[PDB]
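So this one's my_file12.tsv, TSV, C-alpha atoms:
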```tsv
chain	number	residue	atom	x	y	z
I	1	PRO	CA	0.00	0.00	0.00
I	2	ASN	CA	0.93	3.70	-0.09
I	3	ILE	CA	0.16	6.45	2.43
I	4	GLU	CA	0.52	10.20	1.87
I	5	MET	CA	-0.26	12.04	5.11
I	6	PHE	CA	-0.79	15.79	4.91
I	7	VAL	CA	0.43	17.44	8.11
I	8	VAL	CA	0.94	21.02	9.23
I	9	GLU	CA	4.54	22.05	9.70
I	10	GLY	CA	4.84	21.86	13.50
I	11	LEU	CA	6.50	18.44	13.99
I	12	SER	CA	10.06	17.32	14.79
I	13	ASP	CA	12.00	14.61	13.00
I	14	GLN	CA	11.52	12.26	15.97
I	15	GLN	CA	7.74	12.71	15.98
I	16	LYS	CA	7.82	12.16	12.22
I	17	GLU	CA	9.73	8.89	12.64
I	18	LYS	CA	7.28	7.77	15.34
I	19	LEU	CA	4.38	8.57	12.97
I	20	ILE	CA	5.66	6.58	9.98
I	21	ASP	CA	5.93	3.65	12.39
I	22	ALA	CA	2.44	4.19	13.82
I	23	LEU	CA	0.82	4.52	10.38
I	24	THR	CA	2.73	1.50	9.06
I	25	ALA	CA	1.62	-0.51	12.09
I	26	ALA	CA	-2.03	0.52	11.65
I	27	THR	CA	-2.12	-0.78	8.07
I	28	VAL	CA	-0.46	-4.03	9.19
I	29	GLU	CA	-3.24	-4.87	11.55
I	30	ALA	CA	-6.40	-3.33	10.18
I	31	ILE	CA	-5.47	-5.14	6.91
I	32	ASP	CA	-3.16	-8.10	6.96
I	33	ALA	CA	-0.63	-6.18	4.86
I	34	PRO	CA	3.09	-6.92	5.30
I	35	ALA	CA	5.05	-3.96	6.66
I	36	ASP	CA	7.87	-4.08	4.09
I	37	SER	CA	5.21	-3.45	1.40
I	38	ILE	CA	4.00	-0.17	2.95
I	39	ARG	CA	5.49	3.13	1.74
I	40	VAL	CA	4.61	6.13	3.93
I	41	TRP	CA	5.37	9.75	3.06
I	42	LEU	CA	4.62	12.95	4.95
I	43	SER	CA	3.68	15.98	2.86
I	44	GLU	CA	4.39	18.86	5.23
I	45	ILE	CA	2.26	21.94	4.52
I	46	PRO	CA	3.08	25.43	5.84
I	47	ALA	CA	0.34	26.73	8.13
I	48	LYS	CA	-0.32	29.60	5.72
I	49	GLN	CA	-1.20	27.07	2.99
I	50	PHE	CA	-3.43	24.71	5.02
I	51	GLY	CA	-7.06	25.84	4.84
I	52	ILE	CA	-9.88	24.85	7.18
I	53	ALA	CA	-13.23	26.60	6.43
I	54	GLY	CA	-11.83	29.46	4.35
I	55	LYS	CA	-9.33	30.25	7.11
I	56	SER	CA	-5.64	29.42	7.20
I	57	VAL	CA	-4.30	27.55	10.21
I	58	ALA	CA	-2.01	30.58	10.50
I	59	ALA	CA	-5.15	32.67	11.12
U	1	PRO	CA	9.77	6.11	-6.58
U	2	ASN	CA	5.97	6.34	-6.76
U	3	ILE	CA	4.04	7.72	-9.74
U	4	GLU	CA	0.40	8.78	-10.01
U	5	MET	CA	-0.92	9.66	-13.46
U	6	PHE	CA	-4.33	11.27	-13.87
U	7	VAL	CA	-5.84	10.05	-17.15
U	8	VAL	CA	-9.15	10.63	-18.88
U	9	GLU	CA	-11.38	7.63	-19.53
U	10	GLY	CA	-11.36	5.65	-22.77
U	11	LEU	CA	-7.99	3.92	-22.37
U	12	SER	CA	-7.59	0.20	-22.97
U	13	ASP	CA	-6.40	-2.14	-20.26
U	14	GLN	CA	-3.74	-2.89	-22.87
U	15	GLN	CA	-2.94	0.81	-23.38
U	16	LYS	CA	-2.84	1.16	-19.58
U	17	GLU	CA	-0.23	-1.63	-19.51
U	18	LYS	CA	2.20	0.02	-21.95
U	19	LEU	CA	1.82	3.35	-20.13
U	20	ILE	CA	2.84	1.78	-16.81
U	21	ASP	CA	5.75	0.20	-18.69
U	22	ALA	CA	6.65	3.52	-20.33
U	23	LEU	CA	6.30	5.63	-17.18
U	24	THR	CA	8.51	3.06	-15.44
U	25	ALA	CA	11.23	2.94	-18.11
U	26	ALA	CA	11.49	6.74	-18.26
U	27	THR	CA	12.01	6.84	-14.49
U	28	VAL	CA	14.75	4.18	-14.70
U	29	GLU	CA	16.85	5.95	-17.33
U	30	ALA	CA	16.25	9.42	-15.84
U	31	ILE	CA	16.98	9.05	-12.10
U	32	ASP	CA	18.61	5.57	-12.26
U	33	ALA	CA	15.98	3.99	-10.14
U	34	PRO	CA	15.73	0.20	-10.53
U	35	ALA	CA	12.49	-0.70	-12.26
U	36	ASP	CA	11.38	-3.02	-9.44
U	37	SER	CA	11.55	0.02	-7.12
U	38	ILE	CA	9.02	2.10	-9.10
U	39	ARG	CA	5.34	1.85	-8.16
U	40	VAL	CA	2.89	3.20	-10.75
U	41	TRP	CA	-0.86	3.69	-10.46
U	42	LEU	CA	-3.24	5.31	-12.93
U	43	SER	CA	-6.06	7.24	-11.26
U	44	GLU	CA	-8.68	7.45	-14.00
U	45	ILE	CA	-11.09	10.37	-14.30
U	46	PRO	CA	-14.36	10.45	-16.31
U	47	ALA	CA	-14.32	13.03	-19.09
U	48	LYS	CA	-17.16	14.85	-17.32
U	49	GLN	CA	-15.13	15.37	-14.15
U	50	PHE	CA	-11.84	16.46	-15.77
U	51	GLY	CA	-12.04	20.18	-16.51
U	52	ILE	CA	-9.90	22.48	-18.64
U	53	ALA	CA	-10.54	26.23	-18.24
U	54	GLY	CA	-13.78	25.73	-16.31
U	55	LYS	CA	-15.36	23.20	-18.72
U	56	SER	CA	-15.07	19.41	-18.80
U	57	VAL	CA	-13.40	17.27	-21.47
U	58	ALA	CA	-16.94	16.90	-22.77
U	59	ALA	CA	-16.43	20.02	-24.92
O	1	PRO	CA	-2.21	25.82	-11.31
O	2	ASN	CA	-3.78	22.36	-11.13
O	3	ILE	CA	-6.54	21.51	-8.65
O	4	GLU	CA	-7.79	18.14	-7.38
O	5	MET	CA	-11.01	17.93	-5.37
O	6	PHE	CA	-11.78	14.79	-3.36
O	7	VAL	CA	-15.55	14.42	-3.25
O	8	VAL	CA	-17.74	11.72	-1.74
O	9	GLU	CA	-19.87	9.89	-4.29
O	10	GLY	CA	-23.37	11.01	-5.19
O	11	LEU	CA	-23.16	14.33	-7.01
O	12	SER	CA	-25.09	15.21	-10.13
O	13	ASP	CA	-23.48	15.36	-13.59
O	14	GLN	CA	-24.74	18.99	-13.89
O	15	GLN	CA	-23.36	20.04	-10.49
O	16	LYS	CA	-20.01	18.38	-10.98
O	17	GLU	CA	-19.34	20.21	-14.21
O	18	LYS	CA	-20.76	23.23	-12.38
O	19	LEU	CA	-18.19	22.78	-9.60
O	20	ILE	CA	-15.34	22.93	-12.15
O	21	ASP	CA	-16.03	26.44	-13.46
O	22	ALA	CA	-16.58	27.74	-9.92
O	23	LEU	CA	-13.24	26.45	-8.63
O	24	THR	CA	-11.52	27.68	-11.80
O	25	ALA	CA	-12.90	31.22	-11.58
O	26	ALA	CA	-11.87	31.33	-7.90
O	27	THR	CA	-8.18	30.88	-8.77
O	28	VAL	CA	-8.35	33.27	-11.76
O	29	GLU	CA	-9.82	35.73	-9.37
O	30	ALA	CA	-7.54	35.37	-6.40
O	31	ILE	CA	-4.15	34.69	-7.94
O	32	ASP	CA	-4.55	36.38	-11.37
O	33	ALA	CA	-4.08	33.26	-13.40
O	34	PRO	CA	-5.16	32.73	-17.01
O	35	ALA	CA	-8.10	30.41	-17.54
O	36	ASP	CA	-6.33	28.21	-20.10
O	37	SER	CA	-3.75	27.38	-17.41
O	38	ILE	CA	-6.06	25.98	-14.71
O	39	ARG	CA	-7.06	22.33	-14.90
O	40	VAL	CA	-9.60	20.99	-12.41
O	41	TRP	CA	-10.37	17.28	-12.06
O	42	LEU	CA	-12.77	15.84	-9.49
O	43	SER	CA	-11.83	12.62	-7.67
O	44	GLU	CA	-14.97	10.66	-6.83
O	45	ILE	CA	-14.43	8.59	-3.68
O	46	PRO	CA	-17.10	6.09	-2.52
O	47	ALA	CA	-18.84	6.64	0.81
O	48	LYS	CA	-17.13	3.52	2.19
O	49	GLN	CA	-13.76	5.03	1.25
O	50	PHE	CA	-14.16	8.50	2.82
O	51	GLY	CA	-13.39	8.65	6.54
O	52	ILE	CA	-14.39	11.30	9.10
O	53	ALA	CA	-13.09	10.91	12.69
O	54	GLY	CA	-12.34	7.23	12.13
O	55	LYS	CA	-15.84	6.57	10.76
O	56	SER	CA	-17.04	6.03	7.21
O	57	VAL	CA	-19.62	8.24	5.52
O	58	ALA	CA	-21.73	5.07	5.25
O	59	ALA	CA	-21.89	4.95	9.05
V	1	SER	CA	-5.04	15.83	9.38
V	2	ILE	CA	-5.56	14.22	5.94
V	3	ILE	CA	-4.44	10.65	5.20
V	4	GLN	CA	-4.57	9.42	1.59
V	5	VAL	CA	-4.21	5.70	0.86
V	6	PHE	CA	-3.30	4.36	-2.60
V	7	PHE	CA	-3.73	0.62	-2.75
V	8	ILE	CA	-4.77	-2.28	-4.96
V	9	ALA	CA	-8.48	-3.06	-5.14
V	10	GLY	CA	-10.16	-6.13	-3.67
V	11	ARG	CA	-10.21	-5.49	0.08
V	12	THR	CA	-13.43	-6.15	1.99
V	13	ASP	CA	-15.70	-3.26	2.91
V	14	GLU	CA	-15.02	-4.11	6.56
V	15	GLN	CA	-11.25	-4.11	6.02
V	16	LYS	CA	-11.69	-0.62	4.56
V	17	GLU	CA	-13.45	0.72	7.64
V	18	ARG	CA	-10.99	-1.08	9.92
V	19	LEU	CA	-8.25	0.90	8.14
V	20	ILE	CA	-10.00	4.30	8.33
V	21	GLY	CA	-10.33	3.97	12.10
V	22	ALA	CA	-6.88	2.45	12.59
V	23	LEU	CA	-5.13	5.30	10.75
V	24	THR	CA	-7.14	8.00	12.52
V	25	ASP	CA	-6.19	6.49	15.84
V	26	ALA	CA	-2.53	6.44	14.81
V	27	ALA	CA	-2.48	10.20	14.20
V	28	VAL	CA	-4.50	10.95	17.34
V	29	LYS	CA	-2.23	8.67	19.28
V	30	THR	CA	1.09	9.95	17.94
V	31	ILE	CA	0.57	13.63	17.13
V	32	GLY	CA	-2.25	14.27	19.61
V	33	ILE	CA	-4.66	15.99	17.21
V	34	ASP	CA	-8.43	15.65	17.57
V	35	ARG	CA	-10.00	12.79	15.59
V	36	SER	CA	-12.48	15.41	14.37
V	37	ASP	CA	-10.06	17.02	11.89
V	38	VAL	CA	-8.83	13.64	10.59
V	39	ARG	CA	-9.79	12.73	7.03
V	40	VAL	CA	-8.93	9.31	5.60
V	41	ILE	CA	-9.26	8.99	1.82
V	42	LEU	CA	-9.00	5.47	0.40
V	43	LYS	CA	-8.15	5.18	-3.32
V	44	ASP	CA	-8.82	1.71	-4.71
V	45	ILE	CA	-6.76	1.28	-7.87
V	46	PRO	CA	-7.71	-1.71	-10.07
V	47	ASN	CA	-5.11	-4.39	-10.70
V	48	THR	CA	-5.00	-3.41	-14.39
V	49	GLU	CA	-4.06	0.16	-13.39
V	50	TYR	CA	-1.39	-0.45	-10.70
V	51	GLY	CA	2.13	-1.35	-11.76
V	52	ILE	CA	5.28	-2.68	-10.12
V	53	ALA	CA	8.55	-3.11	-12.05
V	54	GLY	CA	6.71	-2.04	-15.20
V	55	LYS	CA	4.15	-4.86	-14.87
V	56	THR	CA	0.46	-4.53	-14.03
V	57	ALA	CA	-0.59	-5.84	-10.63
V	58	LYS	CA	-2.76	-8.36	-12.48
V	59	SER	CA	0.16	-10.04	-14.26
V	60	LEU	CA	1.91	-10.20	-10.86
V	61	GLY	CA	-0.74	-12.30	-9.10
V	62	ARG	CA	-2.36	-9.18	-7.60
E	1	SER	CA	-14.56	17.76	0.88
E	2	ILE	CA	-10.79	18.26	0.53
E	3	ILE	CA	-9.14	20.49	-2.09
E	4	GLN	CA	-5.46	20.34	-3.09
E	5	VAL	CA	-3.95	22.92	-5.45
E	6	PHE	CA	-0.62	22.23	-7.15
E	7	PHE	CA	0.88	25.56	-8.13
E	8	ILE	CA	4.20	27.11	-9.10
E	9	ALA	CA	6.15	28.69	-6.26
E	10	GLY	CA	6.21	32.43	-5.73
E	11	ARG	CA	2.64	33.45	-4.91
E	12	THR	CA	2.25	35.98	-2.11
E	13	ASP	CA	0.96	35.01	1.33
E	14	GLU	CA	-2.09	37.24	0.85
E	15	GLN	CA	-2.77	35.60	-2.52
E	16	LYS	CA	-2.50	32.23	-0.75
E	17	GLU	CA	-4.90	33.34	2.00
E	18	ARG	CA	-7.09	34.76	-0.78
E	19	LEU	CA	-7.13	31.37	-2.53
E	20	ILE	CA	-8.24	29.17	0.38
E	21	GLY	CA	-11.57	30.80	1.22
E	22	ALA	CA	-12.15	31.60	-2.45
E	23	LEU	CA	-12.13	27.86	-3.17
E	24	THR	CA	-14.01	27.18	0.08
E	25	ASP	CA	-16.96	29.45	-0.76
E	26	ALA	CA	-17.18	28.22	-4.36
E	27	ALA	CA	-17.61	24.68	-3.05
E	28	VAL	CA	-20.16	25.72	-0.40
E	29	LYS	CA	-22.18	27.45	-3.13
E	30	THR	CA	-22.43	24.81	-5.83
E	31	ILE	CA	-22.34	21.61	-3.73
E	32	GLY	CA	-23.93	22.85	-0.50
E	33	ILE	CA	-21.03	21.61	1.63
E	34	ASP	CA	-20.63	23.38	4.97
E	35	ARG	CA	-17.45	25.47	5.37
E	36	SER	CA	-16.89	23.23	8.41
E	37	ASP	CA	-15.58	20.46	6.14
E	38	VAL	CA	-13.83	22.19	3.20
E	39	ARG	CA	-10.09	21.70	3.66
E	40	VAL	CA	-7.79	23.46	1.19
E	41	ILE	CA	-4.20	22.21	0.81
E	42	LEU	CA	-1.85	24.50	-1.13
E	43	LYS	CA	1.39	23.01	-2.45
E	44	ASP	CA	4.13	25.18	-3.90
E	45	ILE	CA	6.32	23.42	-6.45
E	46	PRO	CA	9.75	24.92	-7.24
E	47	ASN	CA	10.22	26.01	-10.85
E	48	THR	CA	12.73	23.16	-11.26
E	49	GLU	CA	10.11	20.55	-10.27
E	50	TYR	CA	7.08	21.68	-12.35
E	51	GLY	CA	6.63	20.56	-15.94
E	52	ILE	CA	4.89	22.08	-18.96
E	53	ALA	CA	5.23	20.04	-22.17
E	54	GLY	CA	8.22	18.25	-20.69
E	55	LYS	CA	10.04	21.49	-19.90
E	56	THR	CA	10.74	22.93	-16.48
E	57	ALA	CA	8.93	26.02	-15.24
E	58	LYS	CA	12.35	27.66	-14.85
E	59	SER	CA	13.39	27.41	-18.50
E	60	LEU	CA	9.88	28.34	-19.74
E	61	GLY	CA	8.59	30.87	-17.20
A	1	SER	CA	-2.45	14.30	-18.46
A	2	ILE	CA	-1.01	15.17	-15.02
A	3	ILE	CA	1.84	13.00	-13.71
A	4	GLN	CA	2.83	13.20	-10.04
A	5	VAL	CA	6.03	11.64	-8.66
A	6	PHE	CA	6.64	10.96	-4.94
A	7	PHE	CA	10.34	10.30	-4.52
A	8	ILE	CA	13.07	10.60	-1.89
A	9	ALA	CA	15.03	13.83	-1.98
A	10	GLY	CA	18.66	13.95	-3.11
A	11	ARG	CA	18.48	14.14	-6.90
A	12	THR	CA	20.00	16.95	-8.95
A	13	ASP	CA	17.74	19.57	-10.54
A	14	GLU	CA	19.38	18.58	-13.84
A	15	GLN	CA	18.02	15.08	-13.21
A	16	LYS	CA	14.52	16.37	-12.44
A	17	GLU	CA	14.73	18.08	-15.84
A	18	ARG	CA	15.32	14.73	-17.58
A	19	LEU	CA	12.59	13.17	-15.46
A	20	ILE	CA	10.00	15.78	-16.50
A	21	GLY	CA	10.98	15.35	-20.14
A	22	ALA	CA	11.26	11.56	-20.16
A	23	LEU	CA	7.90	11.12	-18.40
A	24	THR	CA	6.08	13.48	-20.78
A	25	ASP	CA	7.92	11.89	-23.72
A	26	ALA	CA	6.69	8.48	-22.56
A	27	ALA	CA	3.07	9.62	-22.14
A	28	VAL	CA	2.82	11.06	-25.67
A	29	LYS	CA	4.55	8.03	-27.24
A	30	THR	CA	2.05	5.60	-25.72
A	31	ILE	CA	-1.45	7.11	-25.51
A	32	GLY	CA	-1.18	9.82	-28.16
A	33	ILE	CA	-1.76	12.83	-25.94
A	34	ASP	CA	-0.49	16.27	-26.88
A	35	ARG	CA	2.69	17.42	-25.14
A	36	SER	CA	1.09	20.73	-24.23
A	37	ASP	CA	-1.63	19.12	-22.08
A	38	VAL	CA	0.85	17.19	-19.89
A	39	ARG	CA	1.92	18.57	-16.51
A	40	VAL	CA	4.51	16.86	-14.31
A	41	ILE	CA	4.35	17.58	-10.56
A	42	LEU	CA	7.60	16.58	-8.81
A	43	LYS	CA	7.32	16.21	-5.04
A	44	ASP	CA	10.57	15.49	-3.20
A	45	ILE	CA	10.24	13.94	0.27
A	46	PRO	CA	13.17	14.15	2.73
A	47	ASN	CA	14.73	11.06	4.30
A	48	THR	CA	13.11	12.00	7.60
A	49	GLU	CA	9.65	12.08	6.00
A	50	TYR	CA	9.68	8.96	3.84
A	51	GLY	CA	9.23	5.47	5.25
A	52	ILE	CA	9.57	1.81	4.28
A	53	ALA	CA	8.83	-1.13	6.62
A	54	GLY	CA	8.06	1.42	9.34
A	55	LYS	CA	11.66	2.67	9.23
A	56	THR	CA	12.62	6.04	7.80
A	57	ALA	CA	14.51	6.23	4.52
A	58	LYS	CA	17.42	7.82	6.40
A	59	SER	CA	17.71	4.73	8.60
A	60	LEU	CA	17.65	2.51	5.50
A	61	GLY	CA	20.53	4.49	3.97
A	62	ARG	CA	18.74	6.03	0.99
A	63	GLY	CA	19.14	9.82	0.95
```

Let me see the structure of the file written as structure tokens.
Amino acid sequence: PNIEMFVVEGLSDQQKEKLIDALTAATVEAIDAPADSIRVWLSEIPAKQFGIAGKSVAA
Amino acid sequence: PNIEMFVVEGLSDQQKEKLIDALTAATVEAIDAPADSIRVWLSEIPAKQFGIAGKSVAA
Amino acid sequence: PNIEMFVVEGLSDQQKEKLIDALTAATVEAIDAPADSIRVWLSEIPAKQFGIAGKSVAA
Amino acid sequence: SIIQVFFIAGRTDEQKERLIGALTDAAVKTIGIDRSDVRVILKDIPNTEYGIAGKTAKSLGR
Amino acid sequence: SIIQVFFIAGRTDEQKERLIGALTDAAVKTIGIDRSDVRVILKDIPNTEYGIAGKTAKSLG
Amino acid sequence: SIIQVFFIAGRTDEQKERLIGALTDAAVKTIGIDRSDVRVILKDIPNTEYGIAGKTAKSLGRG
């Protein structure tokens, strides 16, 4: 499988490592998918470019 | 590498095959990625939901 | 300027093509972009494939 | 806040909802955001339209 | 209802802000989807990573 | 018409130029689309942000 998670920019490289693990583990056990077949990427979005209800996170 | 192509409907399963093969080969000779490392998926769009300049591929 | 909208399944054919011009004029209007440069394609995701707070639209 | 899954078609409807909840609970566990702003988008790709090593998933047993 | 715009880098922060709610309202209008659920992701792509007719946005414009 | 690549960072911009060309070249050779309707979105992902087997690409020695 393949996961693209869109996140706002306020996370450290350690949190990001812990999240790729968590997401990979979730797919392994909701679906019986092998881990080595799961590619996870984080698409980090600046808060001025992430919109929720017409309003930026930055606002 | 991972490749998503957005294509309009009307393509053969056989035409879809040679595209995956072609998208893969181009990625091998361009960034020297081994072919078995390239994942390709075509995400197909009906002509009525693919728009150019405010109007769908139906006209 | 390419736009992809993820929409849960069930919209009319009339209101989908209607969505495309709306989203296109919004970018022309905000970021001063020529019409012939904006492509808008709607991605039609089934209700059992769209999740909100861990729950499916079906539920 | 938004999780997009690209994966080969054929998984049960109940596997699909098991995933949506499992991925939401990963983000809420690990980042600490509110499940409310979590969106999980599942993209089934057919085996004739998903390729590995230049070969369709279908020719690969998939 | 999630929107993702792929666009060449360089747009101003006010133009970006202007784009999010512009797309949000347009969706609320025509589809009747509450602002509550219209997420708008904006992705800048460097000129050297955006392609028109197989050419980079740097060498074209 | 729109091709999107998700790939670990580290490649030269000269290489991304070949990639954009080669991908478009391949998509007009195969399904007869016009060059001028093809857009290639290239999305680099840092080592720290890309994962395989639950390990980051940096820990697998990739970028």

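If you look at atom CA of residue 22 of chain V and atom CA of residue 41 of chain V, they are 12.8 Å away from each other.
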
Just fit chain U onto chain I on all the Cα atoms, in order, by least squares, and give it as a short mmCIF file (atom, residue, chain, number, x, y, z; two decimals) with C-alpha atoms, in the coordinates of the input.
```
data_model
loop_
_atom_site.label_atom_id
_atom_site.label_comp_id
_atom_site.auth_asym_id
_atom_site.auth_seq_id
_atom_site.Cartn_x
_atom_site.Cartn_y
_atom_site.Cartn_z
CA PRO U 1 0.04 -0.20 0.23
CA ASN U 2 1.05 3.45 -0.13
CA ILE U 3 0.13 6.19 2.35
CA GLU U 4 0.30 9.97 1.98
CA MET U 5 -0.38 12.07 5.07
CA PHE U 6 -0.82 15.83 4.80
CA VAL U 7 0.55 17.42 7.98
CA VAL U 8 0.94 20.99 9.16
CA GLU U 9 4.44 22.26 9.90
CA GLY U 10 6.02 22.18 13.35
CA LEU U 11 6.58 18.42 13.64
CA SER U 12 9.90 17.00 14.79
CA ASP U 13 11.94 14.69 12.61
CA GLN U 14 11.55 12.42 15.63
CA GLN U 15 7.76 12.91 15.73
CA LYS U 16 7.72 12.27 11.97
CA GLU U 17 9.50 8.95 12.63
CA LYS U 18 6.94 7.61 15.13
CA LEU U 19 4.09 8.69 12.84
CA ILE U 20 5.51 6.68 9.93
CA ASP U 21 5.89 3.79 12.38
CA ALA U 22 2.33 4.26 13.66
CA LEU U 23 0.73 4.70 10.24
CA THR U 24 2.57 1.54 9.17
CA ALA U 25 1.56 -0.58 12.18
CA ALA U 26 -2.11 0.38 11.85
CA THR U 27 -2.05 -0.72 8.20
CA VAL U 28 -0.47 -4.07 9.13
CA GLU U 29 -3.04 -5.04 11.76
CA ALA U 30 -5.99 -3.66 9.75
CA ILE U 31 -5.56 -5.09 6.22
CA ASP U 32 -2.83 -7.67 7.07
CA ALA U 33 -0.30 -6.06 4.85
CA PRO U 34 3.31 -6.94 5.71
CA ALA U 35 5.07 -3.89 7.10
CA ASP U 36 7.86 -4.05 4.49
CA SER U 37 5.14 -3.67 1.83
CA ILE U 38 3.84 -0.32 3.15
CA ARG U 39 5.36 2.89 1.77
CA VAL U 40 4.68 6.04 3.80
CA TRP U 41 5.47 9.65 2.94
CA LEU U 42 4.51 12.80 4.83
CA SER U 43 3.76 15.75 2.55
CA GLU U 44 4.19 18.73 4.86
CA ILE U 45 2.21 21.94 4.43
CA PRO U 46 3.03 25.37 5.96
CA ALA U 47 0.36 26.61 8.34
CA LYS U 48 -0.28 29.53 5.98
CA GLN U 49 -1.16 27.25 3.07
CA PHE U 50 -3.40 24.79 4.95
CA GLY U 51 -6.90 26.25 5.15
CA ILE U 52 -9.95 25.33 7.22
CA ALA U 53 -13.23 27.02 6.23
CA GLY U 54 -11.54 29.57 3.97
CA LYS U 55 -8.84 30.67 6.47
CA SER U 56 -5.38 29.24 7.10
CA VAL U 57 -4.14 27.47 10.23
CA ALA U 58 -2.74 30.89 11.08
CA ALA U 59 -6.02 31.74 12.84
#
```

- Taking only C-alpha atoms into account, report as JSON, numbers by chain which residues of chain E lie within 8 Å of chain I. {"E": [13, 16, 17, 20, 21, 22, 23, 24, 25, 35, 36, 37, 38, 39, 40, 41, 42, 43]}

So which residues touch residue 4 of chain I within 7 Å, counting only C-alpha atoms, skipping near sequence neighbours fewer than 6 positions away, as a tab-separated table (two decimals) with C-alpha atoms, keeping the file's coordinate frame?
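Final output, saved to part16.tsv:
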```
chain	number	residue	atom	x	y	z
I	40	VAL	CA	4.61	6.13	3.93
I	41	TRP	CA	5.37	9.75	3.06
I	42	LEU	CA	4.62	12.95	4.95
I	43	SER	CA	3.68	15.98	2.86
V	3	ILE	CA	-4.44	10.65	5.20
V	4	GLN	CA	-4.57	9.42	1.59
V	5	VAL	CA	-4.21	5.70	0.86
```

- Message: So that I can see what lies close to segment 24-39 of chain I, please list as a VMD selection string the residues with an atom at most 7 Å from it, counting all atoms listed in the file and leaving out residues fewer than 3 positions away in the same chain.
- Response: (chain I and resid 1 to 3 20 to 21) or (chain V and resid 15 18 to 19 22 to 23 26) or (chain A and resid 51 to 54)

- Message: What's around residue 38 of chain A at 9 Å? Count only C-alpha atoms, leave out sequence neighbours fewer than 6 positions away in its own chain, and write the answer as a ChimeraX atom specification.
- Response: /E:51-54 /A:1-3,24,27-28

Taking only residues of chain A that have an atom at most 12 Å from an atom of chain I, what is each one's shortest atom pair and its distance in Å to one decimal, using all atoms listed in the file, in chain and number order, as a Markdown table?
```
| residue | atom | partner | partner_atom | distance |
| --- | --- | --- | --- | --- |
| A:5 | CA | I:41 | CA | 11.9 |
| A:6 | CA | I:41 | CA | 8.2 |
| A:7 | CA | I:41 | CA | 9.1 |
| A:8 | CA | I:41 | CA | 9.2 |
| A:9 | CA | I:41 | CA | 11.6 |
| A:43 | CA | I:43 | CA | 8.7 |
| A:44 | CA | I:43 | CA | 9.2 |
| A:45 | CA | I:41 | CA | 7.0 |
| A:46 | CA | I:42 | CA | 8.9 |
| A:47 | CA | I:41 | CA | 9.5 |
| A:48 | CA | I:13 | CA | 6.1 |
| A:49 | CA | I:42 | CA | 5.2 |
| A:50 | CA | I:41 | CA | 4.5 |
| A:51 | CA | I:40 | CA | 4.8 |
| A:52 | CA | I:39 | CA | 5.0 |
| A:53 | CA | I:36 | CA | 4.0 |
| A:54 | CA | I:21 | CA | 4.3 |
| A:55 | CA | I:21 | CA | 6.6 |
| A:56 | CA | I:17 | CA | 6.3 |
| A:57 | CA | I:17 | CA | 9.8 |
| A:58 | CA | I:17 | CA | 10.0 |
| A:59 | CA | I:17 | CA | 9.9 |
| A:60 | CA | I:36 | CA | 11.9 |
```

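For the set E:28, E:60, E:50, E:34, the residue with the smallest atom-to-atom gap to chain A is E:50, counting all atoms listed in the file.
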
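Within 10 Å of chain E, and counting only C-alpha atoms, chain V contributes residues 1, 2, 37, 39 and 41 of chain V.
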
Let me know the centre plus edge lengths, in Å and rounded to one decimal, of a box with edges along x, y and z that contains all listed atoms of segment 31-47 of chain A and is padded by 4 Å on every side, as lines of an AutoDock Vina configuration file.
```
center_x = 6.5
center_y = 13.9
center_z = -11.9
size_x = 24.5
size_y = 21.6
size_z = 40.5
```

Can you write out as a tab-separated table which residues of chain V fall within 12 Å of chain U, alongside each residue's closest atom pair and its distance in Å to one decimal, counting only C-alpha atoms and ordering rows by chain and ascending residue number?
```
residue	atom	partner	partner_atom	distance
V:5	CA	U:41	CA	12.0
V:6	CA	U:41	CA	8.3
V:7	CA	U:41	CA	8.8
V:8	CA	U:41	CA	9.0
V:9	CA	U:41	CA	11.5
V:43	CA	U:43	CA	8.5
V:44	CA	U:43	CA	9.0
V:45	CA	U:41	CA	6.9
V:46	CA	U:41	CA	8.7
V:47	CA	U:41	CA	9.1
V:48	CA	U:13	CA	6.2
V:49	CA	U:42	CA	5.2
V:50	CA	U:41	CA	4.2
V:51	CA	U:40	CA	4.7
V:52	CA	U:39	CA	4.9
V:53	CA	U:36	CA	3.9
V:54	CA	U:21	CA	4.3
V:55	CA	U:21	CA	6.5
V:56	CA	U:17	CA	6.2
V:57	CA	U:41	CA	9.5
V:58	CA	U:17	CA	10.1
V:59	CA	U:17	CA	9.9
V:60	CA	U:36	CA	12.0
```

Report as CSV the residues of chain E within 10 Å of chain A, each with its shortest atom pair and distance in Å (one decimal), using only C-alpha atoms, ordered by chain and increasing residue number.
```
residue,atom,partner,partner_atom,distance
E:6,CA,A:41,CA,7.6
E:7,CA,A:41,CA,9.0
E:8,CA,A:41,CA,9.6
E:43,CA,A:43,CA,9.4
E:44,CA,A:43,CA,9.6
E:45,CA,A:42,CA,7.3
E:46,CA,A:42,CA,8.8
E:47,CA,A:13,CA,9.9
E:48,CA,A:13,CA,6.2
E:49,CA,A:42,CA,4.9
E:50,CA,A:41,CA,5.2
E:51,CA,A:40,CA,4.6
E:52,CA,A:39,CA,5.2
E:53,CA,A:36,CA,4.7
E:54,CA,A:21,CA,4.0
E:55,CA,A:21,CA,6.2
E:56,CA,A:17,CA,6.3
E:57,CA,A:17,CA,9.9
E:58,CA,A:17,CA,9.9
E:59,CA,A:17,CA,9.8
```

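The spacing separating atom CA of residue 17 of chain V from atom CA of residue 35 of chain V amounts to 14.9 Å.
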
- Quote the spacing between atom CA of residue 57 of chain I and atom CA of residue 57 of chain O in Å to one decimal place. 25.1 Å
